[PDB]
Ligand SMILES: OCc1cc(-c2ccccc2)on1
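The chain that follows stands alone, in the form deposited without this ligand, written as C-alpha cells.
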C-alpha cells in the first residue's frame, strides 16, 4: 500500500482469503469492514499518527484524547470472490468542531470498476473520563496537513442514506439472538472490542433464510456505547419493508443500548 501522488489519500490491494468468504465464495461484509480498518490504519501510520493502536495526533496525546466511532455506513455493489484482488482508496476530512470522517472506495483491481463505498464518522473523547468533546483548533490544523481541503465525499448525493436518522426498535422484536459474548479474537491490541464485531452481532439476528436468498446491499450502524470484555449482548431485528430491517444491540442485563442500525438486502 501507499499514499497517492498528492499525499492526500492512500491505496492498498488485498487478495481475498479462503476463510474470509461466505457460502457464495465471496467476501463477507465483516471481511470488507476488516479491510477498511486495515487500510485506515496503514494510512494513519503513513501520515505520522501514533503506532500504539489508538492512532492519535501529538495534540491528542498531550490532551489525553482519542477518536471513537459514531457511525459506519457501507454500500456493496459486488463482493470480491475468493482469490480476487480488491483495491481500496481511503482519505479523511475534518468536519469543523463536530468530528472527522474517513471515506473509502473499493474497486475490482482487474476491471477498475467501483464495487463498493463506505464512510465513517468519528467524535473526540477524553480517554480517562470517557466524555465526548468538540475538535479543538490545534487538531483541525493537524488534519489540514493530510486531508483534501476541497470536499471529497464517497457519498455526495444531498439527503443520502449515509446521513439518515435511525429510530429505536420497539419491543417486541420480530427476530433475536441472545447472550452474545466477545472472545479474545474479538478484541483489538488495546483490549477493546473491535468495531467489526458489532456488525457481526447485528447480523446474527437476521434469519438464515434471508442470508441464503439475499445479498446485503447497504448497512448503517450507529455506535453509542462499548461492549466490555465481560458484557453480554442481545441482538434484535424487525422487518421494516428488497428487504429492509431495523436493528438494536443492547446489554442482556439492564437493556442499555450499545448500537442501532439498518440493513437493506436484495434478492439474489
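Numbering follows the first chain given and starts at 1.
Omitted here: the form solved in complex with this ligand. The next part is about that form.
Chemist: Taking this ligand in the bound PDB entry and overlaying it onto this form via the surrounding C-alphas, would you call the pocket open or blocked, using 3+ ligand atoms within 2.4 Å of backbone or C-beta atoms as the cut?
Modeler: Site status open, zero atoms under the 2.4 Å cut.
Chemist: Can you tell me whether residue 92 touches this ligand? I mean in the bound PDB entry, with a 4.5 angstroms heavy atom cut-off.
Modeler: Contact check for residue 92: yes, within 4.5 Å of this ligand in the bound PDB entry.
Chemist: Given that the partner is absent here, does residue 147 sit within 4.5 Å of this ligand in the bound PDB entry, heavy atoms only?
Modeler: So residue 147 counts as contacting this ligand.
Chemist: Does residue 236 make contact with this ligand in the bound PDB entry, using a 4.5 Å heavy atom cut-off?
Modeler: Residue 236 lies outside the contact set for this ligand.
Chemist: When the contact criterion is heavy atoms within 4.5 Å, does residue 218 count as touching this ligand in the bound PDB entry?
Modeler: Outside the cut-off, so no.
Chemist: If you look in the bound PDB entry, which residues in 77-114 sit within 4.5 Å of this ligand (heavy atoms)?
Modeler: Contacting residues: 92, 100, 102.
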